[PDB]
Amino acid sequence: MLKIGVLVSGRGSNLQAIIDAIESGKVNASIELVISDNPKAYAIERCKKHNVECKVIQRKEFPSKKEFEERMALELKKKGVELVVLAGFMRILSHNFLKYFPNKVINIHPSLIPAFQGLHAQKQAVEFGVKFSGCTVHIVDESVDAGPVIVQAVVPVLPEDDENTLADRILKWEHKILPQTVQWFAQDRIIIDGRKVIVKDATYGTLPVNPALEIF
């Protein structure tokens, strides 16, 4: 099975989606370790309920960021983690961490990047007034939600939508494209060429997900 590690900082609904997809047999992978930088994250409780190893590693426990990132990489390496998944993780990863997992660190972001990068992307979309938003699974690099794009899901925005209502609509898709991406990695179907990513034998040119979902 694909051995993956998940980094979290809060609620962790995206972690739950992966856990459920694995338990239902839709994703051929195992979560070898979950790392939370927040001791009170609900994500930790999810790990307890599903018997998923979880470790709390806090930034304040290290003088430098370099140390902090090194410890997290090492702990993942010790578990043979092949794919690192950020699910609600709030720290910014640098080359110190990324160099260990070349093109093997992914993240789920609630917007159609490069649009609305950064924090509160759903609220950004609503205040801006776009008619379409959505979510993106991308490879993490030194940019702020500007790395290689694996898959995106488009979601219509309503005139009366507020941050929470739109976020809720986008989240339904995040819970689908992130687990699907994990499965694609598990199937050795992720091909990288430059900053472009292609999924082997996947269906392209589709709505509302491109490439189209397969396990959902």
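The first residue of the sequence shown is number 1, and the count goes up from there.
Novice: Mean C-alpha B-factor higher for 87-95, or for 102-110?
Specialist: That would be 87-95.
Novice: Identify the stretch, either 40-48 or 187-195, whose C-alpha atoms have the larger mean B-factor according to the entry.
Specialist: The deposited B-factors put 187-195 ahead on the C-alpha mean.
Novice: Per the coordinate record, which of the options 152, 180, 64, 30 holds the highest CA temperature factor?
Specialist: Among 152, 180, 64, 30, the PDB entry lists the largest C-alpha B-factor for 64.
Novice: Would you please rank residue 143 by its C-alpha temperature factor against the other modelled residues of its chain and give the third it falls in: lowest, middle or highest?
Specialist: Highest third of the chain for residue 143's C-alpha B-factor.
Novice: Within this chain's modelled residues, let me know which third the CA B factor of residue 9 belongs to: lowest, middle or highest.
Specialist: For residue 9, whose C-alpha B-factor we compare with every modelled residue in the chain, the answer is the middle third.
Novice: Once the chain's modelled residues are ordered by C-alpha B factor and cut into thirds, is residue 207 in the lowest, middle or highest one?
Specialist: Residue 207: CA B-factor falls in the highest third of its chain.
Novice: Going by what the PDB entry lists, where does residue 71 fall on CA B-factor within its chain: lowest, middle or highest third?
Specialist: Highest third - that is where residue 71 ends up once the chain's C-alpha B-factors are sorted.
Novice: Which third of the chain holds residue 157 when residues are ordered by C-alpha B factor: lowest, middle or highest?
Specialist: Middle third by C-alpha B-factor.
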